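In what follows, a single structure is set out as structure tokens and then discussed.
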Amino acid sequence: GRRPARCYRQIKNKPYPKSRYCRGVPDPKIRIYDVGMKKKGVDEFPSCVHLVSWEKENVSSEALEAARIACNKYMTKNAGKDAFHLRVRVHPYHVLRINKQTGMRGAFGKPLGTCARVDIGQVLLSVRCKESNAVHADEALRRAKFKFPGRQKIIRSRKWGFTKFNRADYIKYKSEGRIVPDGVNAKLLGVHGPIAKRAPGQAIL
Amino acid sequence: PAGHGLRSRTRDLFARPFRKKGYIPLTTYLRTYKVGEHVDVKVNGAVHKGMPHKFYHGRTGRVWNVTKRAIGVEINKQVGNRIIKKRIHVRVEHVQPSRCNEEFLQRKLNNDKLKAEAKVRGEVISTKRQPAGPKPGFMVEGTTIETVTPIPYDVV
Amino acid sequence: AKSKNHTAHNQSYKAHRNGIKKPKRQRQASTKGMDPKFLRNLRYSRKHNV
Amino acid sequence: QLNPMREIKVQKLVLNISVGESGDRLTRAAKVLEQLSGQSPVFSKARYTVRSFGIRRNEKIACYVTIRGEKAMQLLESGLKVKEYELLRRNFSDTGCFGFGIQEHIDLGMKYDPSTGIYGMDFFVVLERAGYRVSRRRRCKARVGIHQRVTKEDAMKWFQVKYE
Amino acid sequence: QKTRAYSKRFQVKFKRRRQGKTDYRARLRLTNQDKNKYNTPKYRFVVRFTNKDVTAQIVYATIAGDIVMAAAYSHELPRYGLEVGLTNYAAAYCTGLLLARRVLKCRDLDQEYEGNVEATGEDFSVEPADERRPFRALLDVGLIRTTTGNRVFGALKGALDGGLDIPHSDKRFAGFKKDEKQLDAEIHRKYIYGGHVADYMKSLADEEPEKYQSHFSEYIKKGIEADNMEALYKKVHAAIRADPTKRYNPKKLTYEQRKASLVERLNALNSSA
RNA sequence: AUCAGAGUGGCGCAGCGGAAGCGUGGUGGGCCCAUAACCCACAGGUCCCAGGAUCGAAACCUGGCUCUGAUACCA
RNA sequence: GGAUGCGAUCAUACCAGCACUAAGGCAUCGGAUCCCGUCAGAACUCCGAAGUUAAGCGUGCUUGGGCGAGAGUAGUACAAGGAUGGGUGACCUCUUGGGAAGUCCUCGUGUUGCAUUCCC
RNA sequence: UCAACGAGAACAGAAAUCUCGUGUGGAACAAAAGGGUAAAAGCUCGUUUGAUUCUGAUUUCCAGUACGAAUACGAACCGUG
RNA sequence: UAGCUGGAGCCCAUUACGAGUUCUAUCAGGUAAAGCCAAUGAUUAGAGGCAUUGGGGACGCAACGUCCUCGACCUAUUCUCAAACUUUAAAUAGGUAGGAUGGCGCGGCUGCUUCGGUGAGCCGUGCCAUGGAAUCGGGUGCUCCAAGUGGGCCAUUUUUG
Ligand SMILES: [Mg+2]
Ligand SMILES: [Mg+2]
Ligand SMILES: [Mg+2]
Ligand SMILES: [Mg+2]
Ligand SMILES: [Mg+2]
Ligand SMILES: [Mg+2]
Ligand SMILES: [Mg+2]
Ligand SMILES: [Mg+2]
Ligand SMILES: [Mg+2]
Ligand SMILES: [Mg+2]
Ligand SMILES: [Mg+2]
Ligand SMILES: [Mg+2]
Ligand SMILES: [Mg+2]
Ligand SMILES: [Mg+2]
Ligand SMILES: [Mg+2]
Ligand SMILES: [Mg+2]
Ligand SMILES: [Mg+2]
Ligand SMILES: [Mg+2]
């Protein structure tokens, strides 16, 4: 089957994506990235926990699928399947090659599999949930850590949900009526646009 | 030949700049060149006649000849342990006047004036530029002083 | 047996042994290759100088 | 506002007859269209070679003519008498103009001067106001201002309020 | 109605192209001097027609913009006698003839190059007198179609008979026979003296009592019968040769008044229900 | 392991861009007491799949899938 | 404050929606004998002044799109040189120097040459 | 002025032909790829043979040799307008 | 064969002429980074709208009507990317200039150029020009004759399989 992953751990080549040049690639192991509930709104799940890469390396598509399931199955059992939203933050866009009497004559490898190029301080997995269920968040990612090769940390987000606002700033801007919801995202309102496009409680300066 | 064409590797070098394609402004055609001026070569993608080879792009030479529609430019090219002074003709669209001695002429005429001017007075001065040297002493008025200190490390 | 080899190693050292020579700057530069119409006239002007 | 330069007027009437053949069928469609127009028609060669209609590329299949002047007004209202001077109200383009179709002989002009059949035809007429030249002249082309354009609503009224 | 990406990638054309008044392919090829002449300007003999006037100019190219050597108009013909028909073929000959004479007087050579005094239908070229060749200009026709009988070629003949050297061929003069490949000097001369208008004056007043009234009202107003073309134009020609020579728009609002009005619109909308 | 070949009617096969057939088999009448044989008609096609160029493709290049022959030596 | 002919720069000049304009100029506009031109006097060409500022044009407006600039991003990313520097390594650090880019925010929306002409 | 899109017209539809609007090229330019081009370098029409003669110079290759190819003049004869 | 080397010289020389270097001024670039909420391409998820009918069920005694359903499609967002993508855009490195081989006046030449002393250039004369940034220093400057070599290998950095 696959080689031991150590053959492909270190980032050593320029990116080699599938293209009109690279074809005949296999299909990646991971094909679903947001599992659990991706229908809840911004204001519901405010606490967020991340699993962050801490050394530059490749992460295979299989390893990234295995981590998804390990995190999913755990977080389901304790807090219920509707208590969390798991999002994979890395996509396997890099192709790997394999060179299978004949020696190093014409040694350019044919494609093997797919992997993701990760760097220091880069998020691998993110989970948003209620503050109460944060424990099953902490352990689910840690249980997922053992599916990844390198070094990873579990850093709790200073922001709200999966949005770019501090919990401090989002609440202030929510109570002031300056943030309109979107879904998983929030949309702060500014001082620009045509005046008539605003609803009469939403025009601000 | 011999492994590479005339316009090999000129994908980015010969392209026009972004939103600056199409029409060539009339200023390029109105500039007049004289044997001895300095000219900077930069190719125009649109004009496929009179083009210089890609080595001459971004180089500054002297005018040595003028025909209709073309200027003879004079670029040095290092080949081994020597410098060959290559002589090429490029169409006007591919050259622009240089400002490599803009300053020299303004300083030259400035030099002559002061030289004759101080000669009306006692006739010894030195019109030489000087590299920036060290600052003399001076007193600073006591005002608001803001302390700065190292910041404690924030984990995020 | 692998008989193709290329490198620029040592070549800048060889180039700079006897300097990167520049050609001598000359008063009365050469007119070879200029516009023949211009050059005939310059020759004729000099023929009839007093 | 009711400025007199704004009076709506037909710039052209175009008659189209599509056949899908050549030789004599389309040639006789030319004569009915010529004798209806009073001017030498033009043929329209095909494109894309759609074999379901049996047409090749660059082979003439249609015949149209673009009349304007008093021949247009005389010829237009005869077409509208055939339609009993009413239209489907979906017949009006969003921009400014409208069309309809008939079965030939119900106009005025004898049938078998050449022994030529009943060619149905496309009457398509385009309205304008004064000053549409500014988008059609060669020097200083420009968009006709919005207020000088004819909308579907103005064509609706032009049809009903007068002209009949 | 156009997307944001459309505007970001958009390139505008040269202004005189957007406004649709200059053909830059012709402009480059008209103005572009050979580099081994160094400043010798290429003078353009610009001839333009409005619906109601005729503009003529001798100009040459500069980086700051063109520079007029001499300008003339047909609305200043009433000075020399012609009152009506200031945009027709004959007027163009008068406007062209006027421009030639002014610049030749302005360049101090009109004595040397008189042109020819009696306008002839023949294609004319002035001789290289001696030591001072005649002034040279290029006909710059603009955007109009160059057609046989076009008035711009009426203007061309006037300048040639004024004493200018303009590169030309006779195939577009009025009277040229596209099927016989020869010039008809008689038809050309009739057009020069406005006789082609005269024929249409006769043709209406006979078979059209009212079309002759409305269609030539200013001619009739001033007492110029169709049999008074050759006489009347010749005088205008000889005359020209003998003497060639507050707030209503709103101002932009300041910063304060835009911010003033914007506060109102904001207060109005927020308070609007 | 690479590479040549070949995928078309139920089956075996032909098809040189305007472009679908040969044998046999199927279906309905006839002949016979009745079957075959014989006679008269009738109906058949994801042209292996996905592209791409092409007046215009089942045919021409590219990729994918399946059957067959091949060459793989000195140690 | 306007305009035309020819232009320079070639978006602060473009795009979208709107609103308005004294004079003069442009334009729209009337016609088809003539030159010319087309299926078609729509275009183009020619002759014309009966009307209209409706359009073109010009100028202004918009918490407009774009474009331009500024501050920030950020001494961050990166990167020249040095270390018998740390670390198993990936990588990172210090020393001597250089130093970006989007989001986000604030402001702005042309300048002008030659010739002839209009104001009032 | 293209690709394409919107709105319309007997048979007529997803698709035949016609009409108006939008249209920075999203089309086309013999062929690979890249670059280039919008009153063009694309399309249609007219007229044509500069795909001509003479020998030098220069650029790419490079030893600063030859060939191939290209460029800018000189001296002619023509095309087009 | 060119490069690198020796030998022979010769010609000038602290006037100047330079330089594997900086400073001043001025050109050129598309790699690192960045971007995608900018074109091309790849790619995750929702949210809001909506059709001239991609499809139907139900209501349509009808339709130039809809509620759902997978969804196109439209708008504002969102995760993640690119050796053979890119608006932007470094650090290092690249080119040119920093006078005596400069400037001016006068009067001549031209068969080139101009409407034209109009220019372009050159010639002769006569005047000026505190030497026009720092640092360092005699020169392959010129020429000839010729040897050996044309298997390389190693280290830090960038980098392909
Ligand atoms: Mg090579
Ligand atoms: Mg060879
Ligand atoms: Mg070889
Ligand atoms: Mg470039
Ligand atoms: Mg060529
Ligand atoms: Mg070797
Ligand atoms: Mg032209
Ligand atoms: Mg049977
Ligand atoms: Mg039987
Ligand atoms: Mg053309
Ligand atoms: Mg060669
Ligand atoms: Mg040797
Ligand atoms: Mg590159
Ligand atoms: Mg990169
Ligand atoms: Mg960027
Ligand atoms: Mg993108
Ligand atoms: Mg530099
Ligand atoms: Mg040897």
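Chain lettering (A, B, ...) mirrors the order of the structure tokens, residue numbering begins at 1 for each chain separately, and ligand numbering begins at 1 in order of display.
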### Message
List the spatial neighbours of region 39-55 of chain A as an MDAnalysis selection string - criterion: any atom at most 9 Å away, only C-alpha atoms (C1' of nucleotides), same-chain residues fewer than 2 positions off excluded.
### Response
(chainID A and resid 37 57 83:85 118:132 134 137:138 141:142 144:145 150:163 167 181:186) or (chainID G and resid 90:91) or (chainID I and resid 46)
Store the residues picked out above, limited to C-alpha atoms (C1' of nucleotides), as a PDB file, in the first residue's frame.
```
ATOM      1  CA  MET A  37     -23.480  21.021  12.605  1.00  0.00           C
ATOM      2  CA  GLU A  57       5.885  19.568   7.373  1.00  0.00           C
ATOM      3  CA  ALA A  83     -23.091  20.290  20.318  1.00  0.00           C
ATOM      4  CA  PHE A  84     -20.143  21.139  18.087  1.00  0.00           C
ATOM      5  CA  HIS A  85     -18.959  22.210  14.657  1.00  0.00           C
ATOM      6  CA  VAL A 118       1.571  23.008   6.763  1.00  0.00           C
ATOM      7  CA  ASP A 119       3.717  25.591   8.537  1.00  0.00           C
ATOM      8  CA  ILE A 120       4.510  26.789  12.051  1.00  0.00           C
ATOM      9  CA  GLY A 121       1.549  28.459  13.731  1.00  0.00           C
ATOM     10  CA  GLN A 122      -0.944  27.135  11.187  1.00  0.00           C
ATOM     11  CA  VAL A 123      -4.354  25.869  12.210  1.00  0.00           C
ATOM     12  CA  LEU A 124      -5.052  22.215  11.422  1.00  0.00           C
ATOM     13  CA  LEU A 125      -8.484  21.775  13.004  1.00  0.00           C
ATOM     14  CA  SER A 126     -10.914  24.248  14.508  1.00  0.00           C
ATOM     15  CA  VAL A 127     -13.946  23.525  16.669  1.00  0.00           C
ATOM     16  CA  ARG A 128     -16.611  25.964  17.853  1.00  0.00           C
ATOM     17  CA  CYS A 129     -19.053  25.036  20.595  1.00  0.00           C
ATOM     18  CA  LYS A 130     -20.702  26.315  23.739  1.00  0.00           C
ATOM     19  CA  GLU A 131     -18.451  27.200  26.661  1.00  0.00           C
ATOM     20  CA  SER A 132     -19.908  24.334  28.695  1.00  0.00           C
ATOM     21  CA  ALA A 134     -15.307  22.996  25.911  1.00  0.00           C
ATOM     22  CA  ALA A 137     -13.544  20.082  22.689  1.00  0.00           C
ATOM     23  CA  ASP A 138     -10.194  19.940  24.491  1.00  0.00           C
ATOM     24  CA  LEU A 141      -8.550  17.531  19.528  1.00  0.00           C
ATOM     25  CA  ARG A 142      -5.939  16.015  21.832  1.00  0.00           C
ATOM     26  CA  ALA A 144      -6.860  13.780  17.293  1.00  0.00           C
ATOM     27  CA  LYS A 145      -3.299  14.983  17.918  1.00  0.00           C
ATOM     28  CA  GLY A 150       4.706  16.573  13.975  1.00  0.00           C
ATOM     29  CA  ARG A 151       4.231  18.835  16.996  1.00  0.00           C
ATOM     30  CA  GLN A 152       0.812  20.357  17.662  1.00  0.00           C
ATOM     31  CA  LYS A 153      -0.709  22.645  20.268  1.00  0.00           C
ATOM     32  CA  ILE A 154      -4.255  23.226  21.468  1.00  0.00           C
ATOM     33  CA  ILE A 155      -4.846  26.978  21.627  1.00  0.00           C
ATOM     34  CA  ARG A 156      -8.219  28.354  22.627  1.00  0.00           C
ATOM     35  CA  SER A 157      -9.297  31.146  20.321  1.00  0.00           C
ATOM     36  CA  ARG A 158      -9.411  34.687  21.611  1.00  0.00           C
ATOM     37  CA  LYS A 159     -12.117  35.300  18.985  1.00  0.00           C
ATOM     38  CA  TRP A 160     -15.822  34.481  18.817  1.00  0.00           C
ATOM     39  CA  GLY A 161     -17.124  31.378  17.081  1.00  0.00           C
ATOM     40  CA  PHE A 162     -15.428  31.120  13.697  1.00  0.00           C
ATOM     41  CA  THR A 163     -15.471  34.887  13.188  1.00  0.00           C
ATOM     42  CA  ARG A 167     -15.492  37.969  22.130  1.00  0.00           C
ATOM     43  CA  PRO A 181     -25.503  38.107  11.092  1.00  0.00           C
ATOM     44  CA  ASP A 182     -24.723  35.922   8.106  1.00  0.00           C
ATOM     45  CA  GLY A 183     -24.709  32.359   9.311  1.00  0.00           C
ATOM     46  CA  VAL A 184     -21.367  30.949  10.364  1.00  0.00           C
ATOM     47  CA  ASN A 185     -19.954  34.455   9.753  1.00  0.00           C
ATOM     48  CA  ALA A 186     -20.725  37.943  11.033  1.00  0.00           C
TER      49      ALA A 186
ATOM     50  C1'   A G  90      12.593  20.503  11.141  1.00  0.00           C
ATOM     51  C1'   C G  91      13.549  25.107  12.351  1.00  0.00           C
TER      52        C G  91
ATOM     53  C1'   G I  46     -23.326  27.933   4.702  1.00  0.00           C
TER      54        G I  46
END
```
Within 12 Å of ligand 12 (only C-alpha atoms (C1' of nucleotides) and all ligand atoms), residues as a PDB file with N, CA, C and O atoms (P, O5', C5', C4', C3', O3' and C1' of nucleotides), in the first residue's frame:
```
ATOM      1  P     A H  63      32.499  31.648 -27.458  1.00  0.00           P
ATOM      2  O5'   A H  63      33.892  31.492 -28.193  1.00  0.00           O
ATOM      3  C5'   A H  63      35.090  32.010 -27.637  1.00  0.00           C
ATOM      4  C4'   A H  63      36.094  32.292 -28.720  1.00  0.00           C
ATOM      5  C3'   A H  63      35.767  33.494 -29.595  1.00  0.00           C
ATOM      6  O3'   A H  63      36.971  34.098 -30.052  1.00  0.00           O
ATOM      7  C1'   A H  63      35.735  31.528 -30.908  1.00  0.00           C
TER       8        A H  63
ATOM      9  P     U I   1      44.896  25.526 -31.693  1.00  0.00           P
ATOM     10  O5'   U I   1      43.596  26.400 -31.452  1.00  0.00           O
ATOM     11  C5'   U I   1      42.739  26.769 -32.516  1.00  0.00           C
ATOM     12  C4'   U I   1      41.430  27.283 -31.989  1.00  0.00           C
ATOM     13  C3'   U I   1      41.522  28.181 -30.770  1.00  0.00           C
ATOM     14  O3'   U I   1      41.849  29.521 -31.078  1.00  0.00           O
ATOM     15  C1'   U I   1      39.899  26.526 -30.387  1.00  0.00           C
ATOM     16  P     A I   2      42.897  30.323 -30.175  1.00  0.00           P
ATOM     17  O5'   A I   2      42.038  30.866 -28.958  1.00  0.00           O
ATOM     18  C5'   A I   2      41.169  31.976 -29.106  1.00  0.00           C
ATOM     19  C4'   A I   2      40.158  32.027 -27.991  1.00  0.00           C
ATOM     20  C3'   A I   2      40.700  32.240 -26.591  1.00  0.00           C
ATOM     21  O3'   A I   2      41.009  33.590 -26.301  1.00  0.00           O
ATOM     22  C1'   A I   2      39.142  30.488 -26.561  1.00  0.00           C
ATOM     23  P     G I   3      42.216  33.945 -25.309  1.00  0.00           P
ATOM     24  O5'   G I   3      41.737  33.397 -23.896  1.00  0.00           O
ATOM     25  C5'   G I   3      40.650  33.999 -23.214  1.00  0.00           C
ATOM     26  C4'   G I   3      40.305  33.279 -21.931  1.00  0.00           C
ATOM     27  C3'   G I   3      41.432  33.117 -20.927  1.00  0.00           C
ATOM     28  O3'   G I   3      41.624  34.273 -20.132  1.00  0.00           O
ATOM     29  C1'   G I   3      40.330  31.050 -21.210  1.00  0.00           C
ATOM     30  P     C I   4      43.086  34.908 -19.953  1.00  0.00           P
ATOM     31  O5'   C I   4      43.710  34.096 -18.750  1.00  0.00           O
ATOM     32  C5'   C I   4      43.011  33.945 -17.532  1.00  0.00           C
ATOM     33  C4'   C I   4      43.481  32.724 -16.797  1.00  0.00           C
ATOM     34  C3'   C I   4      44.986  32.566 -16.673  1.00  0.00           C
ATOM     35  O3'   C I   4      45.531  33.344 -15.617  1.00  0.00           O
ATOM     36  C1'   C I   4      44.023  30.518 -17.363  1.00  0.00           C
ATOM     37  P     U I   5      46.945  34.090 -15.765  1.00  0.00           P
ATOM     38  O5'   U I   5      47.988  32.927 -16.021  1.00  0.00           O
ATOM     39  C5'   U I   5      48.590  32.220 -14.951  1.00  0.00           C
ATOM     40  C4'   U I   5      49.801  31.465 -15.419  1.00  0.00           C
ATOM     41  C3'   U I   5      50.923  32.315 -15.975  1.00  0.00           C
ATOM     42  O3'   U I   5      51.739  32.884 -14.969  1.00  0.00           O
ATOM     43  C1'   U I   5      50.476  30.575 -17.479  1.00  0.00           C
ATOM     44  P     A I 146      53.601  29.996 -31.618  1.00  0.00           P
ATOM     45  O5'   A I 146      53.660  29.164 -30.269  1.00  0.00           O
ATOM     46  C5'   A I 146      54.660  28.183 -30.081  1.00  0.00           C
ATOM     47  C4'   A I 146      55.046  28.037 -28.634  1.00  0.00           C
ATOM     48  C3'   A I 146      54.020  27.413 -27.718  1.00  0.00           C
ATOM     49  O3'   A I 146      53.952  26.010 -27.842  1.00  0.00           O
ATOM     50  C1'   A I 146      54.917  29.308 -26.685  1.00  0.00           C
ATOM     51  P     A I 147      52.627  25.232 -27.407  1.00  0.00           P
ATOM     52  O5'   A I 147      53.023  24.549 -26.038  1.00  0.00           O
ATOM     53  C5'   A I 147      54.353  24.145 -25.779  1.00  0.00           C
ATOM     54  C4'   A I 147      54.590  24.072 -24.302  1.00  0.00           C
ATOM     55  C3'   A I 147      53.574  23.283 -23.502  1.00  0.00           C
ATOM     56  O3'   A I 147      53.798  21.890 -23.546  1.00  0.00           O
ATOM     57  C1'   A I 147      53.987  25.329 -22.433  1.00  0.00           C
ATOM     58  P     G I 148      52.593  20.865 -23.789  1.00  0.00           P
ATOM     59  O5'   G I 148      51.865  20.734 -22.385  1.00  0.00           O
ATOM     60  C5'   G I 148      52.529  20.269 -21.226  1.00  0.00           C
ATOM     61  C4'   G I 148      51.811  20.732 -19.986  1.00  0.00           C
ATOM     62  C3'   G I 148      50.358  20.313 -19.854  1.00  0.00           C
ATOM     63  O3'   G I 148      50.217  19.022 -19.299  1.00  0.00           O
ATOM     64  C1'   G I 148      50.550  22.619 -19.416  1.00  0.00           C
ATOM     65  P     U I 149      48.975  18.092 -19.680  1.00  0.00           P
ATOM     66  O5'   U I 149      47.696  18.934 -19.272  1.00  0.00           O
ATOM     67  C5'   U I 149      47.317  19.092 -17.914  1.00  0.00           C
ATOM     68  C4'   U I 149      46.107  19.976 -17.785  1.00  0.00           C
ATOM     69  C3'   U I 149      44.876  19.529 -18.549  1.00  0.00           C
ATOM     70  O3'   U I 149      44.154  18.537 -17.848  1.00  0.00           O
ATOM     71  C1'   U I 149      45.226  21.849 -18.866  1.00  0.00           C
ATOM     72  P     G I 150      43.367  17.393 -18.631  1.00  0.00           P
ATOM     73  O5'   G I 150      42.088  18.126 -19.204  1.00  0.00           O
ATOM     74  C5'   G I 150      41.086  18.668 -18.359  1.00  0.00           C
ATOM     75  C4'   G I 150      40.058  19.359 -19.202  1.00  0.00           C
ATOM     76  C3'   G I 150      39.467  18.484 -20.298  1.00  0.00           C
ATOM     77  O3'   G I 150      38.292  17.832 -19.852  1.00  0.00           O
ATOM     78  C1'   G I 150      40.293  20.511 -21.230  1.00  0.00           C
TER      79        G I 150
END
```
### Message
Can you tell me which residues surround region 234-244 of chain E at a distance of at most 7 Å, considering only C-alpha atoms (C1' of nucleotides), apart from same-chain residues fewer than 4 positions away, and format the answer as a ChimeraX atom specification?
### Response
/E:80-82,94,98,101-102,230
Save the residues we just selected, N, CA, C and O atoms, as an mmCIF file, in the first residue's frame?
```
data_model
loop_
_atom_site.group_PDB
_atom_site.id
_atom_site.type_symbol
_atom_site.label_atom_id
_atom_site.label_comp_id
_atom_site.auth_asym_id
_atom_site.auth_seq_id
_atom_site.Cartn_x
_atom_site.Cartn_y
_atom_site.Cartn_z
ATOM 1 N N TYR E 80 -15.391 89.585 -46.931
ATOM 2 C CA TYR E 80 -14.966 89.700 -48.319
ATOM 3 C C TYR E 80 -16.113 89.678 -49.318
ATOM 4 O O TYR E 80 -15.864 89.826 -50.517
ATOM 5 N N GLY E 81 -17.350 89.486 -48.872
ATOM 6 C CA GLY E 81 -18.473 89.607 -49.778
ATOM 7 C C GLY E 81 -19.464 88.463 -49.777
ATOM 8 O O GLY E 81 -20.663 88.684 -49.950
ATOM 9 N N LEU E 82 -18.987 87.236 -49.607
ATOM 10 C CA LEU E 82 -19.877 86.084 -49.628
ATOM 11 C C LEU E 82 -20.693 86.043 -48.353
ATOM 12 O O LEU E 82 -20.129 85.966 -47.261
ATOM 13 N N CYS E 94 -12.824 79.039 -51.283
ATOM 14 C CA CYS E 94 -12.521 80.364 -50.755
ATOM 15 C C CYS E 94 -11.809 80.275 -49.417
ATOM 16 O O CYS E 94 -10.856 81.016 -49.167
ATOM 17 N N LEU E 98 -8.049 81.441 -48.819
ATOM 18 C CA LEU E 98 -7.724 82.395 -47.768
ATOM 19 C C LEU E 98 -6.574 81.903 -46.904
ATOM 20 O O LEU E 98 -5.662 82.668 -46.580
ATOM 21 N N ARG E 101 -3.146 82.242 -48.631
ATOM 22 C CA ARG E 101 -2.643 83.604 -48.736
ATOM 23 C C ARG E 101 -2.185 84.155 -47.390
ATOM 24 O O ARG E 101 -1.173 84.859 -47.331
ATOM 25 N N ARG E 102 -2.907 83.877 -46.300
ATOM 26 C CA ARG E 102 -2.452 84.384 -45.005
ATOM 27 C C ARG E 102 -1.100 83.823 -44.605
ATOM 28 O O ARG E 102 -0.240 84.562 -44.118
ATOM 29 N N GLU E 230 -20.844 83.058 -60.766
ATOM 30 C CA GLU E 230 -19.510 83.310 -61.291
ATOM 31 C C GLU E 230 -19.070 84.733 -60.991
ATOM 32 O O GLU E 230 -17.942 84.964 -60.549
#
```
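Near residue 35 (chain G), within 8 Å and counting only C-alpha atoms (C1' of nucleotides), sit residues 148, 149, 150, 174 and 175 of chain E; 45 and 46 of chain G; same-chain residues fewer than 5 positions away were not included.
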Restrict the selected residues to N, CA, C and O atoms (P, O5', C5', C4', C3', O3' and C1' of nucleotides) and save them as a PDB file, in the first residue's frame.
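Output file result-v2.pdb follows:
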```pdb
ATOM      1  N   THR E 148     -14.827  61.242 -54.105  1.00  0.00           N
ATOM      2  CA  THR E 148     -14.753  62.193 -55.202  1.00  0.00           C
ATOM      3  C   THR E 148     -15.802  63.276 -55.007  1.00  0.00           C
ATOM      4  O   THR E 148     -16.953  62.991 -54.675  1.00  0.00           O
ATOM      5  N   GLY E 149     -15.394  64.524 -55.191  1.00  0.00           N
ATOM      6  CA  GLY E 149     -16.294  65.636 -55.014  1.00  0.00           C
ATOM      7  C   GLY E 149     -16.454  66.108 -53.593  1.00  0.00           C
ATOM      8  O   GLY E 149     -17.198  67.066 -53.362  1.00  0.00           O
ATOM      9  N   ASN E 150     -15.797  65.467 -52.635  1.00  0.00           N
ATOM     10  CA  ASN E 150     -15.876  65.909 -51.254  1.00  0.00           C
ATOM     11  C   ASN E 150     -15.348  67.331 -51.149  1.00  0.00           C
ATOM     12  O   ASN E 150     -14.407  67.709 -51.848  1.00  0.00           O
ATOM     13  N   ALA E 174     -13.828  67.201 -57.721  1.00  0.00           N
ATOM     14  CA  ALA E 174     -15.119  67.144 -58.384  1.00  0.00           C
ATOM     15  C   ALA E 174     -14.914  67.187 -59.888  1.00  0.00           C
ATOM     16  O   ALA E 174     -14.107  67.964 -60.398  1.00  0.00           O
ATOM     17  N   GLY E 175     -15.635  66.337 -60.600  1.00  0.00           N
ATOM     18  CA  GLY E 175     -15.500  66.226 -62.027  1.00  0.00           C
ATOM     19  C   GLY E 175     -14.682  65.043 -62.493  1.00  0.00           C
ATOM     20  O   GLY E 175     -14.800  64.656 -63.656  1.00  0.00           O
TER      21      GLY E 175
ATOM     22  P     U G  45     -19.262  62.066 -45.127  1.00  0.00           P
ATOM     23  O5'   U G  45     -19.781  62.311 -46.606  1.00  0.00           O
ATOM     24  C5'   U G  45     -18.941  62.075 -47.724  1.00  0.00           C
ATOM     25  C4'   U G  45     -19.647  62.410 -49.012  1.00  0.00           C
ATOM     26  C3'   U G  45     -20.218  63.811 -49.109  1.00  0.00           C
ATOM     27  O3'   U G  45     -19.258  64.791 -49.441  1.00  0.00           O
ATOM     28  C1'   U G  45     -21.848  62.270 -49.799  1.00  0.00           C
ATOM     29  P     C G  46     -19.358  66.235 -48.767  1.00  0.00           P
ATOM     30  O5'   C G  46     -20.485  66.965 -49.608  1.00  0.00           O
ATOM     31  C5'   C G  46     -20.341  67.131 -51.005  1.00  0.00           C
ATOM     32  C4'   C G  46     -21.664  67.383 -51.681  1.00  0.00           C
ATOM     33  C3'   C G  46     -22.430  68.610 -51.228  1.00  0.00           C
ATOM     34  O3'   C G  46     -21.975  69.785 -51.861  1.00  0.00           O
ATOM     35  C1'   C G  46     -23.887  66.767 -51.333  1.00  0.00           C
TER      36        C G  46
END
```
### Interface list for chain G, partner chain B, 10 Å threshold, only C-alpha atoms (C1' of nucleotides), as a list in words
residues 8, 9 and 10 of chain G
### Query
What's the 9 Å shell around region 36-47 of chain C, counting only C-alpha atoms (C1' of nucleotides), without same-chain residues fewer than 3 positions away, as JSON, numbers by chain?
{"C": [31, 33, 50], "H": [73, 74], "I": [109, 110, 111, 112, 120, 121, 122, 123]}
### Message
Using DSSP assignments from the backbone, pull out every residue in chain B that falls under strand (DSSP E) and give it to me as JSON, numbers by chain.
### Response
{"B": [38, 39, 40, 41, 59, 60, 61, 62, 63, 64, 65, 66, 67, 70, 71, 72, 73, 74, 75, 76, 77, 78, 79, 82, 83, 84, 85, 86, 87, 88, 89, 90, 91, 95, 96, 97]}
### Task
Report as a ChimeraX atom specification the set of chain E residues whose atoms approach chain C to within 12 Å, with distances computed over only C-alpha atoms.
/E:35-37
### Task
Name each residue within 10 Å of ligand 2, counting only C-alpha atoms (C1' of nucleotides) and all ligand atoms, as a PyMOL selection string.
(chain B and resi 1-3) or (chain H and resi 61+66-68)
### Message
Give me, as a PyMOL selection string, the set of residues whose atoms come within 8 Å of any atom of ligand 7, counting only C-alpha atoms (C1' of nucleotides) and all ligand atoms.
### Response
chain E and resi 23+25-26+142-143
